[PDB]
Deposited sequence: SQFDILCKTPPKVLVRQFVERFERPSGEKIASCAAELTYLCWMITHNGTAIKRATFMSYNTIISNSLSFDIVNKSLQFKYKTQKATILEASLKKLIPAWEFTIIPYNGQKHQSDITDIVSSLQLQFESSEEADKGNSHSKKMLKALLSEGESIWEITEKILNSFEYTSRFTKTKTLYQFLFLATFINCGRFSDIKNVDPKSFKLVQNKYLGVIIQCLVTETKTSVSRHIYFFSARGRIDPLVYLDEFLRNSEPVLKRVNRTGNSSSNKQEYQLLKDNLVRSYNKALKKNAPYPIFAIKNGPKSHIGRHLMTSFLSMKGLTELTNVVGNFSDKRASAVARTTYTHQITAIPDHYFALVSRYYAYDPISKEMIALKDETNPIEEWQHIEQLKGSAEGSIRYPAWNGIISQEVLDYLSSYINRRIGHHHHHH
């Protein structure tokens, strides 16, 4: 990819390659300065700070779409998300004195007559059909859990391979359960899996994601759930069909010191996943272009919590901005696991008289040792995922 090449190219070389384009003013050469120009405009406006893959990608597109130049008057202009265009224009000139640069703001700073004619148009005959469907999804009959199962099911046969089937369901259920984004699941450090105690379910599986959108680390969980949908089961299926992925570098920094060497899922999994979700459209919402896809899980849990009147948890669970890395309260999992119910009147979690009590089953599992069969059931993750974890999951699975 372009970004990968950028990261491979030495700084001095980049500035070199950029300058060369202007010695023998060629349309073929100046029109390919987009990547380089992006890098430069950033390095300038941020004094050397590294640039993230996504951000670079975005800006590079913006520059490409706006780049225009006059080889005769030695002038060149383009758009860039910045407000100190001057400082940037100047710095650019210093690198290529002969030329005159013009940075055009990406954001508009709105003529009446247009606004009017546009209004006049509307008068005669928001455009968020996406929000309309999302309301329906939740507004009609089915409960959140019913919708979850149905979506989860839509991949069951439509998938071409067991791996993809396994991945889609795992990813979807994972996103819902943690109210996380695709990346929150994908960037998990497989080596961070641990067994953590929870006074309601005994123990739950916890892993860590560092490379999140807002760069605020958060935990991702997996736990036993009462009913036809059991996260542990899908985690099991996931593990026995997929393998660790080398952490893709996503920023120009050269930092090779401390960092995760692996990641839980493949970066491109999202494309196929969305493409799948799009086709097997279990609900209308998924037919809408640019409508939520992999995100859906996020929106679902966010709604679930708001509906249950537990918005206090929303922030913690969904990892947002509020006023060690903050952990999810014990009762959250109690609820989502379905072994308990939230009582509005007293505000406590009440377990369902259903026979199986998660706590007692963990104890039965915790007891009988001498069964490192976990490392035998999950060969590809052996040596990667804590054995204590692999053994627990393995047991739980066999033990049922």
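- Of the deposited sequence, the ranges 110 to 112, 129 to 134, 333 to 344, 422 to 429 have no C-alpha coordinates according to the record.
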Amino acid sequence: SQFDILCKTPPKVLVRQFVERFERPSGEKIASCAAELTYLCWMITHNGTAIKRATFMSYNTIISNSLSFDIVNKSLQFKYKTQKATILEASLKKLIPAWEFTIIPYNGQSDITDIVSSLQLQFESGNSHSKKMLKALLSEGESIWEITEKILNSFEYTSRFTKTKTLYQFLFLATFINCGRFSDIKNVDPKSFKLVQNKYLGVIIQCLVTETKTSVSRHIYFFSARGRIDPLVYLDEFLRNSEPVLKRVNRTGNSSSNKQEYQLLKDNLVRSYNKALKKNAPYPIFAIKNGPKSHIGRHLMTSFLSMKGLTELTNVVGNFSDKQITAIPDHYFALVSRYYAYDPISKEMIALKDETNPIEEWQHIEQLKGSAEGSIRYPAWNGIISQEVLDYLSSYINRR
From here on, numbers count along this sequence of modelled residues.
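- Between 283 to 291 and 191 to 199, the higher mean Cα B-factor belongs to 191 to 199.
- Legend: mean Cα B-factor per stretch from the PDB entry, 331 to 339 versus 351 to 359; the higher mean is in 351 to 359.
- Set against one another, the Cα B-factors of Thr252, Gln122, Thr302, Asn315 in the record reach their highest point at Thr252.
- When the CA B factors of the chain's modelled residues are split into thirds, the value for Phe238 lands in the middle one.
- Among all modelled residues in this chain, the alpha-carbon of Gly27 has a temperature factor (C-alpha) in the highest third.
- Ranked against the other modelled residues of its chain, the C-alpha B-factor of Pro344 as given in the entry falls in the lowest third.
- Ranked against the other modelled residues of its chain, the C-alpha B-factor of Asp322 as given in the entry falls in the middle third.
- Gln109 sits in the highest third of its chain by CA B factor, as recorded in the PDB entry.
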